[PDB]
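First residue of the sequence shown? That's 19 in the numbering used here, and the numbers climb one at a time after it.
Backbone N, C-alpha and C define an ideal beta-carbon position, used for all residues, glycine too.
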Amino acid sequence: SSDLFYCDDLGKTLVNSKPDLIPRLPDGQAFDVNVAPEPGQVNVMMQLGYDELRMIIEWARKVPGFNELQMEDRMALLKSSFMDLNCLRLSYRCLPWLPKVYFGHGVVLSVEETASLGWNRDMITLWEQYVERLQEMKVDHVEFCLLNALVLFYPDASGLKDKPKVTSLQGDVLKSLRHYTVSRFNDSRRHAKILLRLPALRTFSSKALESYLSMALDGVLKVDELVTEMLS
Ligand SMILES: [Cl-]
Ligand SMILES: [Cl-]
């Protein structure tokens with residue numbers, strides 16, 4: 019792609035790590051919004067949510083400095099960023115499908131249909147605000163890819179042991195982002211503007227029940243056991 023021409027070495031690797039993959043339902047499973055899942059099975063929002071959790075972990079391992087960190091620092095970064103990463107990935111792929119929510123291949127729902135599947139007016143409001151920022155920022159493919167790595171390398175992550183290393187790793191990503199926006203658009207200010215406009219659901223605890231869909235994600239799949247398995 020023409021975009022990688024304005025990236026540095028780290029920037030090319032982060033674009034090639036593909037944080038833009040989209041979750042899918044199992045092969046041959048048709049989705050019909052009118053035909054309820056209710057009673058032994060889980061709905062498509064959760065199926066896609068769990069598929070995406072696995073994809074986020076798979077992406078994180080391709081991020082240069084991640085595997086060098088000790089297992090508990092990798093576990094801390096993922097736990098802290100899962101909500102922000104899911105929100106960023108979802109909002110970005112929704113942009114051509116607006117006003118609908120594009121949860122995954124074969125699943126595009128209006129905001130009203132999301133409510134019947136697990137979401138509440140509170141989670142709808144958060145997604146609305148997150149899409150609005152990406153639209154304002156006018157984020158391109160490269161910028162989205164780099165933003166995923168910036169969200170991952172969060173130095174204030176709870177239970178993080180090697181804070182200076184994550185700070186330096188975030189620094190390396192910041193350098194790739196300013197390098198890119200300067201080389202392609204020749205606007206020194208663009209990197210700082212997108213970084214200041216980006217919502218961060220960690221400033222105020224995401225446990226505020228406005229976007230506590232992570233409790234359903236952590237409860238059903240027992241995320242701690244799966245993360246250890248995937249990072250081993
Ligand atoms: Cl995909
Ligand atoms: Cl430097």
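Counted within 10 angstroms of its Cβ, other Cβ atoms place residue i as buried (16 or more) or exposed
i           : result
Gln65       : buried
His123      : exposed
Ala210      : exposed
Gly67       : buried
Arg92       : buried
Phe203      : exposed
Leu95       : buried
residue 279 : There is no way to answer for residue 279, as the model of the chain reaches only from 19 to 250.
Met233      : exposed
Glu70       : buried
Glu161      : buried
Span of the beta strand (DSSP E), counted from its first residue to its last, around residue i
i          : result
residue 14 : No answer is possible for residue 14: the residues shown for the chain start at 19 and end at 250.
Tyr120     : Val119 to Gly122
Residue range of the unbroken alpha helix (DSSP H) whose run includes residue i
i      : result
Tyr110 : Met89 to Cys112
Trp145 : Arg139 to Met155
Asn166 : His159 to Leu170
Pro182 : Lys181 to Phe203
Neighbourhood of residue i by C-beta distance below 7 Å, restricted to the same chain and skipping five residues each side
i      : result
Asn61  : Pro55, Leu135 and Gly136
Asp180 : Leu87, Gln88 and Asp91
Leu187 : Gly83 and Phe171
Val169 : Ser99, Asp102, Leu103 and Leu106
Rounded straight-line distance, which links the Cα of residue j to that of residue i
i      : j      : result
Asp21  : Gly58  : 46 Å
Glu131 : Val51  : 7 Å
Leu116 : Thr143 : 14 Å
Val200 : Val53  : 50 Å
Contacts around residue i, its chain only, beta-carbon distance under 6 Å, and the 5 residues preceding and following it disregarded
i     : result
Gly29 : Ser194 and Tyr198
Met73 : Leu39
Other residues of its chain near residue i: CB distance less than 8 Å, five sequence neighbours each side excluded
i          : result
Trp77      : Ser35, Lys36, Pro37, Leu39 and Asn166
residue 18 : Nothing can be reported for residue 18, as the shown portion of the chain is limited to 19 through 250.
request  = Quick one: residues with CB closer than 7 Å to any heavy atom of ligand 2, in chain order, please.
outcome  = Counting only beta-carbon distances shorter than 7 Å to the non-hydrogen atoms of ligand 2, the qualifying residues in chain order are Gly189 and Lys193.
key: Test item, CB below 5 Å from any non-hydrogen atom of ligand 1   = Ordered along the chain, the selected set is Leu39 and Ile40.
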